[PDB]
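Okay, structure first, notes after.
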Amino acid sequence: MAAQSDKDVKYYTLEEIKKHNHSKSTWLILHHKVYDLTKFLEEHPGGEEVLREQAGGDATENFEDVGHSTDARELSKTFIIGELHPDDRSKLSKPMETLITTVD
Ligand code: HEM
């Protein structure tokens, strides 16, 4: 009817995830994996300010810094929708090309 345990993994590119961090597509990267919590921002104890500033990037450095509970880290497993491209993981050989416009 309206229930389906769909488990998959979509490999997204760095330029794709860092361009979806707006409001209803706010994704965070943890352990080089893409986690969807754009509808859990207000459900996160502490606030969304710390999430929006890490949206579209890897915040694993803060995940281990703060120290999440066992159940907490297990909960994130239900918000996994994909992973980062191998080129953006064990390569990083992709031209950025930016900051060429003076909007100051
Ligand atoms: C994006 C995935 C994340 C999930 C699913 C998540 C989930 C949770 C949950 C369930 C708790 C409370 C449970 C407990 O008692 O341990 C928690 C607490 C907390 N989280 Fe996260 N979190 C995430 C990311 C982050 C990130 C990226 C930061 C930092 C920018 C962060 C900072 C905190 C802090 C500070 C607390 C409270 C600990 C304290 O204030 O001493 N979380 N998180």
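Labels for the structure tokens follow display order: chains A, B, ..., residues from 1 in each chain, ligands from 1.
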**Item:** Residues within 10 Å of residue 23 (chain A), only C-alpha atoms, excluding chain neighbours under 3 positions, as a list in words
**Value:**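 So the residues in contact are residues 20, 26, 27, 38, 39, 41, 52 and 55 of chain A.
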Selected residues written out with N, CA, C and O atoms, as an mmCIF file, in the first residue's frame:
```cif
data_model
loop_
_atom_site.group_PDB
_atom_site.id
_atom_site.type_symbol
_atom_site.label_atom_id
_atom_site.label_comp_id
_atom_site.auth_asym_id
_atom_site.auth_seq_id
_atom_site.Cartn_x
_atom_site.Cartn_y
_atom_site.Cartn_z
ATOM 1 N N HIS A 20 22.940 20.752 -4.301
ATOM 2 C CA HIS A 20 21.584 20.392 -3.905
ATOM 3 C C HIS A 20 21.298 20.848 -2.482
ATOM 4 O O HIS A 20 20.166 20.769 -2.010
ATOM 5 N N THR A 26 18.909 19.044 1.363
ATOM 6 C CA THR A 26 20.077 19.225 2.211
ATOM 7 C C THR A 26 20.697 17.883 2.599
ATOM 8 O O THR A 26 20.152 17.152 3.431
ATOM 9 N N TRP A 27 21.832 17.564 1.990
ATOM 10 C CA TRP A 27 22.519 16.313 2.267
ATOM 11 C C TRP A 27 23.886 16.566 2.892
ATOM 12 O O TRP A 27 24.564 17.542 2.560
ATOM 13 N N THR A 38 17.499 16.024 5.150
ATOM 14 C CA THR A 38 16.919 17.327 4.852
ATOM 15 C C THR A 38 15.571 17.512 5.557
ATOM 16 O O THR A 38 15.078 18.635 5.695
ATOM 17 N N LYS A 39 14.979 16.407 5.996
ATOM 18 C CA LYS A 39 13.708 16.451 6.706
ATOM 19 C C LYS A 39 13.903 15.999 8.147
ATOM 20 O O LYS A 39 12.951 15.656 8.846
ATOM 21 N N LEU A 41 16.536 17.820 9.838
ATOM 22 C CA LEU A 41 17.302 18.970 10.322
ATOM 23 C C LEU A 41 16.707 19.528 11.610
ATOM 24 O O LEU A 41 17.422 19.780 12.577
ATOM 25 N N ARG A 52 23.364 22.865 8.305
ATOM 26 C CA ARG A 52 23.310 23.655 7.074
ATOM 27 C C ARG A 52 24.695 24.145 6.656
ATOM 28 O O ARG A 52 24.980 24.271 5.466
ATOM 29 N N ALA A 55 26.348 21.257 5.035
ATOM 30 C CA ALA A 55 25.558 20.696 3.954
ATOM 31 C C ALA A 55 26.313 20.764 2.638
ATOM 32 O O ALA A 55 26.790 21.829 2.241
#
```
**Message:** List as an NGL selection string the protein and nucleic acid residues near region 83-95 of chain A, meaning an atom at most 7 Å away when only C-alpha atoms are counted, but skip any in the same chain fewer than 4 places from it.
**Reply:** :A and (9-14 or 32-34)
Keeping only N, CA and C atoms, write the selected residues to a file as a PDB file, in the first residue's frame.
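Result file follows (selection-v8.pdb):
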```
ATOM      1  N   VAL A   9      21.978   2.230  -3.328  1.00  0.00           N
ATOM      2  CA  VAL A   9      23.129   3.112  -3.169  1.00  0.00           C
ATOM      3  C   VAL A   9      23.467   3.812  -4.489  1.00  0.00           C
ATOM      4  N   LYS A  10      23.182   5.105  -4.555  1.00  0.00           N
ATOM      5  CA  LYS A  10      23.448   5.887  -5.757  1.00  0.00           C
ATOM      6  C   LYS A  10      24.731   6.702  -5.601  1.00  0.00           C
ATOM      7  N   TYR A  11      25.696   6.464  -6.472  1.00  0.00           N
ATOM      8  CA  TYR A  11      26.962   7.182  -6.413  1.00  0.00           C
ATOM      9  C   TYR A  11      26.835   8.552  -7.061  1.00  0.00           C
ATOM     10  N   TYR A  12      26.889   9.588  -6.243  1.00  0.00           N
ATOM     11  CA  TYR A  12      26.775  10.954  -6.726  1.00  0.00           C
ATOM     12  C   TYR A  12      28.149  11.593  -6.874  1.00  0.00           C
ATOM     13  N   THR A  13      28.217  12.653  -7.659  1.00  0.00           N
ATOM     14  CA  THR A  13      29.457  13.373  -7.856  1.00  0.00           C
ATOM     15  C   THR A  13      29.519  14.553  -6.892  1.00  0.00           C
ATOM     16  N   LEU A  14      30.726  15.009  -6.586  1.00  0.00           N
ATOM     17  CA  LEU A  14      30.919  16.121  -5.661  1.00  0.00           C
ATOM     18  C   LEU A  14      30.163  17.374  -6.109  1.00  0.00           C
ATOM     19  N   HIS A  32      32.484   9.637   3.798  1.00  0.00           N
ATOM     20  CA  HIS A  32      32.519   9.705   2.333  1.00  0.00           C
ATOM     21  C   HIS A  32      31.234   9.140   1.724  1.00  0.00           C
ATOM     22  N   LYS A  33      30.182   9.083   2.531  1.00  0.00           N
ATOM     23  CA  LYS A  33      28.888   8.579   2.091  1.00  0.00           C
ATOM     24  C   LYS A  33      27.855   9.698   2.146  1.00  0.00           C
ATOM     25  N   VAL A  34      26.846   9.623   1.286  1.00  0.00           N
ATOM     26  CA  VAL A  34      25.811  10.650   1.230  1.00  0.00           C
ATOM     27  C   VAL A  34      24.616  10.268   2.096  1.00  0.00           C
TER      28      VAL A  34
END
```
Select from chain A every residue with an atom at most 12 Å from any atom of ligand 1, then for each give the shortest pair of atoms and their distance in Å to one decimal, using only C-alpha atoms and all ligand atoms, rows by chain and rising number, as a Markdown table.
```
| residue | atom | partner | partner_atom_place_in_ligand_line | distance |
| --- | --- | --- | --- | --- |
| A:26 | CA | ligand 1 | 1 (C) | 9.7 |
| A:27 | CA | ligand 1 | 1 (C) | 7.6 |
| A:28 | CA | ligand 1 | 1 (C) | 5.4 |
| A:29 | CA | ligand 1 | 1 (C) | 7.2 |
| A:30 | CA | ligand 1 | 1 (C) | 7.0 |
| A:31 | CA | ligand 1 | 2 (C) | 10.6 |
| A:32 | CA | ligand 1 | 1 (C) | 11.8 |
| A:33 | CA | ligand 1 | 1 (C) | 10.4 |
| A:34 | CA | ligand 1 | 1 (C) | 9.1 |
| A:35 | CA | ligand 1 | 1 (C) | 6.4 |
| A:36 | CA | ligand 1 | 1 (C) | 7.6 |
| A:37 | CA | ligand 1 | 1 (C) | 6.4 |
| A:38 | CA | ligand 1 | 1 (C) | 9.1 |
| A:39 | CA | ligand 1 | 5 (C) | 11.0 |
| A:40 | CA | ligand 1 | 5 (C) | 7.9 |
| A:41 | CA | ligand 1 | 1 (C) | 8.4 |
| A:42 | CA | ligand 1 | 7 (C) | 11.1 |
| A:43 | CA | ligand 1 | 10 (C) | 8.5 |
| A:44 | CA | ligand 1 | 8 (C) | 5.8 |
| A:45 | CA | ligand 1 | 18 (C) | 5.3 |
| A:46 | CA | ligand 1 | 36 (C) | 5.7 |
| A:47 | CA | ligand 1 | 33 (C) | 8.4 |
| A:48 | CA | ligand 1 | 30 (C) | 8.7 |
| A:49 | CA | ligand 1 | 30 (C) | 8.1 |
| A:50 | CA | ligand 1 | 30 (C) | 4.4 |
| A:51 | CA | ligand 1 | 30 (C) | 5.3 |
| A:52 | CA | ligand 1 | 30 (C) | 8.4 |
| A:53 | CA | ligand 1 | 30 (C) | 7.6 |
| A:54 | CA | ligand 1 | 30 (C) | 6.3 |
| A:55 | CA | ligand 1 | 27 (C) | 8.5 |
| A:56 | CA | ligand 1 | 1 (C) | 10.7 |
| A:57 | CA | ligand 1 | 27 (C) | 9.5 |
| A:58 | CA | ligand 1 | 27 (C) | 8.2 |
| A:59 | CA | ligand 1 | 27 (C) | 5.0 |
| A:60 | CA | ligand 1 | 27 (C) | 6.8 |
| A:61 | CA | ligand 1 | 27 (C) | 8.3 |
| A:62 | CA | ligand 1 | 29 (C) | 5.1 |
| A:63 | CA | ligand 1 | 26 (C) | 5.3 |
| A:64 | CA | ligand 1 | 28 (C) | 8.9 |
| A:65 | CA | ligand 1 | 29 (C) | 8.3 |
| A:66 | CA | ligand 1 | 35 (C) | 5.6 |
| A:67 | CA | ligand 1 | 38 (C) | 7.1 |
| A:68 | CA | ligand 1 | 16 (O) | 4.4 |
| A:69 | CA | ligand 1 | 16 (O) | 3.9 |
| A:70 | CA | ligand 1 | 16 (O) | 7.3 |
| A:71 | CA | ligand 1 | 16 (O) | 7.2 |
| A:72 | CA | ligand 1 | 10 (C) | 4.2 |
| A:73 | CA | ligand 1 | 5 (C) | 6.5 |
| A:74 | CA | ligand 1 | 5 (C) | 8.3 |
| A:75 | CA | ligand 1 | 5 (C) | 6.1 |
| A:76 | CA | ligand 1 | 5 (C) | 4.3 |
| A:77 | CA | ligand 1 | 5 (C) | 8.1 |
| A:78 | CA | ligand 1 | 5 (C) | 8.8 |
| A:79 | CA | ligand 1 | 5 (C) | 7.5 |
| A:80 | CA | ligand 1 | 2 (C) | 9.7 |
```
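Across chain A, DSSP run on the backbone finds strand (DSSP E or B) at residues 10, 11, 12, 27, 28, 29, 30, 33, 34, 35, 36, 58, 80, 81, 82, 83 and 84 of chain A.
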Convert the current residue selection to file output with C-alpha atoms, as an mmCIF file, in the first residue's frame.
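The new file selection_17.cif reads:
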```cif
data_model
loop_
_atom_site.group_PDB
_atom_site.id
_atom_site.type_symbol
_atom_site.label_atom_id
_atom_site.label_comp_id
_atom_site.auth_asym_id
_atom_site.auth_seq_id
_atom_site.Cartn_x
_atom_site.Cartn_y
_atom_site.Cartn_z
ATOM 1 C CA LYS A 10 23.448 5.887 -5.757
ATOM 2 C CA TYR A 11 26.962 7.182 -6.413
ATOM 3 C CA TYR A 12 26.775 10.954 -6.726
ATOM 4 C CA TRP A 27 22.519 16.313 2.267
ATOM 5 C CA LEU A 28 25.572 15.791 4.465
ATOM 6 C CA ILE A 29 28.600 13.615 3.785
ATOM 7 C CA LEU A 30 29.780 11.239 6.485
ATOM 8 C CA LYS A 33 28.888 8.579 2.091
ATOM 9 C CA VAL A 34 25.811 10.650 1.230
ATOM 10 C CA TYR A 35 23.177 10.881 3.957
ATOM 11 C CA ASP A 36 19.727 12.416 3.506
ATOM 12 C CA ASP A 58 31.957 15.952 4.617
ATOM 13 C CA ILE A 80 21.778 6.510 3.419
ATOM 14 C CA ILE A 81 20.900 7.102 -0.237
ATOM 15 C CA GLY A 82 24.279 6.857 -1.901
ATOM 16 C CA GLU A 83 28.019 7.376 -1.852
ATOM 17 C CA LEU A 84 30.621 9.719 -3.326
#
```
**Request:** Return as a PyMOL selection string the full set of residues in chain A whose backbone-based DSSP assignment is alpha helix (DSSP H).
**Result:** chain A and resi 14-17+49-52+60-66+70-75
Write the residues of the selection above to a file with N, CA and C atoms, as a PDB file, in the first residue's frame.
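The result, written out as part_29.pdb:
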```
ATOM      1  N   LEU A  14      30.726  15.009  -6.586  1.00  0.00           N
ATOM      2  CA  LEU A  14      30.919  16.121  -5.661  1.00  0.00           C
ATOM      3  C   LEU A  14      30.163  17.374  -6.109  1.00  0.00           C
ATOM      4  N   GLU A  15      30.250  17.690  -7.393  1.00  0.00           N
ATOM      5  CA  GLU A  15      29.596  18.876  -7.942  1.00  0.00           C
ATOM      6  C   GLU A  15      28.068  18.758  -7.933  1.00  0.00           C
ATOM      7  N   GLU A  16      27.557  17.544  -7.789  1.00  0.00           N
ATOM      8  CA  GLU A  16      26.117  17.328  -7.777  1.00  0.00           C
ATOM      9  C   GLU A  16      25.538  17.494  -6.375  1.00  0.00           C
ATOM     10  N   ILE A  17      26.233  16.967  -5.375  1.00  0.00           N
ATOM     11  CA  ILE A  17      25.749  17.050  -3.999  1.00  0.00           C
ATOM     12  C   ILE A  17      25.904  18.452  -3.407  1.00  0.00           C
ATOM     13  N   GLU A  49      21.647  24.761  12.407  1.00  0.00           N
ATOM     14  CA  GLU A  49      22.727  25.668  12.020  1.00  0.00           C
ATOM     15  C   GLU A  49      24.017  24.899  11.740  1.00  0.00           C
ATOM     16  N   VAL A  50      24.306  23.918  12.586  1.00  0.00           N
ATOM     17  CA  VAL A  50      25.508  23.104  12.442  1.00  0.00           C
ATOM     18  C   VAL A  50      25.402  22.144  11.258  1.00  0.00           C
ATOM     19  N   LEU A  51      24.182  21.885  10.807  1.00  0.00           N
ATOM     20  CA  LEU A  51      23.964  20.966   9.695  1.00  0.00           C
ATOM     21  C   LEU A  51      23.995  21.699   8.357  1.00  0.00           C
ATOM     22  N   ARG A  52      23.364  22.865   8.305  1.00  0.00           N
ATOM     23  CA  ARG A  52      23.310  23.655   7.074  1.00  0.00           C
ATOM     24  C   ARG A  52      24.695  24.145   6.656  1.00  0.00           C
ATOM     25  N   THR A  60      32.521  14.389   8.747  1.00  0.00           N
ATOM     26  CA  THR A  60      32.936  13.247   9.552  1.00  0.00           C
ATOM     27  C   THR A  60      33.826  13.705  10.705  1.00  0.00           C
ATOM     28  N   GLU A  61      34.599  14.755  10.444  1.00  0.00           N
ATOM     29  CA  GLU A  61      35.516  15.332  11.425  1.00  0.00           C
ATOM     30  C   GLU A  61      34.777  15.820  12.673  1.00  0.00           C
ATOM     31  N   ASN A  62      33.522  16.215  12.507  1.00  0.00           N
ATOM     32  CA  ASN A  62      32.726  16.707  13.625  1.00  0.00           C
ATOM     33  C   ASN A  62      31.932  15.573  14.259  1.00  0.00           C
ATOM     34  N   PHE A  63      31.580  14.584  13.446  1.00  0.00           N
ATOM     35  CA  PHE A  63      30.826  13.429  13.920  1.00  0.00           C
ATOM     36  C   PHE A  63      31.601  12.701  15.016  1.00  0.00           C
ATOM     37  N   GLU A  64      32.892  12.501  14.775  1.00  0.00           N
ATOM     38  CA  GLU A  64      33.758  11.826  15.729  1.00  0.00           C
ATOM     39  C   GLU A  64      34.203  12.790  16.828  1.00  0.00           C
ATOM     40  N   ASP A  65      34.232  14.079  16.504  1.00  0.00           N
ATOM     41  CA  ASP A  65      34.637  15.103  17.463  1.00  0.00           C
ATOM     42  C   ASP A  65      33.638  15.181  18.606  1.00  0.00           C
ATOM     43  N   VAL A  66      32.366  15.262  18.256  1.00  0.00           N
ATOM     44  CA  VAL A  66      31.305  15.332  19.248  1.00  0.00           C
ATOM     45  C   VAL A  66      31.132  13.986  19.946  1.00  0.00           C
ATOM     46  N   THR A  70      25.777   4.978  20.142  1.00  0.00           N
ATOM     47  CA  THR A  70      25.680   3.797  19.297  1.00  0.00           C
ATOM     48  C   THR A  70      24.372   3.785  18.505  1.00  0.00           C
ATOM     49  N   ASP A  71      23.260   4.031  19.189  1.00  0.00           N
ATOM     50  CA  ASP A  71      21.950   4.057  18.536  1.00  0.00           C
ATOM     51  C   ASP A  71      21.866   5.206  17.534  1.00  0.00           C
ATOM     52  N   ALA A  72      22.515   6.314  17.870  1.00  0.00           N
ATOM     53  CA  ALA A  72      22.523   7.496  17.018  1.00  0.00           C
ATOM     54  C   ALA A  72      23.177   7.206  15.671  1.00  0.00           C
ATOM     55  N   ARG A  73      24.362   6.607  15.700  1.00  0.00           N
ATOM     56  CA  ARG A  73      25.075   6.290  14.466  1.00  0.00           C
ATOM     57  C   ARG A  73      24.356   5.192  13.676  1.00  0.00           C
ATOM     58  N   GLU A  74      23.602   4.347  14.374  1.00  0.00           N
ATOM     59  CA  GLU A  74      22.860   3.273  13.718  1.00  0.00           C
ATOM     60  C   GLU A  74      21.617   3.835  13.034  1.00  0.00           C
ATOM     61  N   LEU A  75      21.144   4.971  13.535  1.00  0.00           N
ATOM     62  CA  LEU A  75      19.964   5.625  12.983  1.00  0.00           C
ATOM     63  C   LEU A  75      20.279   6.226  11.618  1.00  0.00           C
TER      64      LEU A  75
END
```
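Coordinates place CA of residue 19 (chain A) at a distance of 21.7 Å from CA of residue 104 (chain A).
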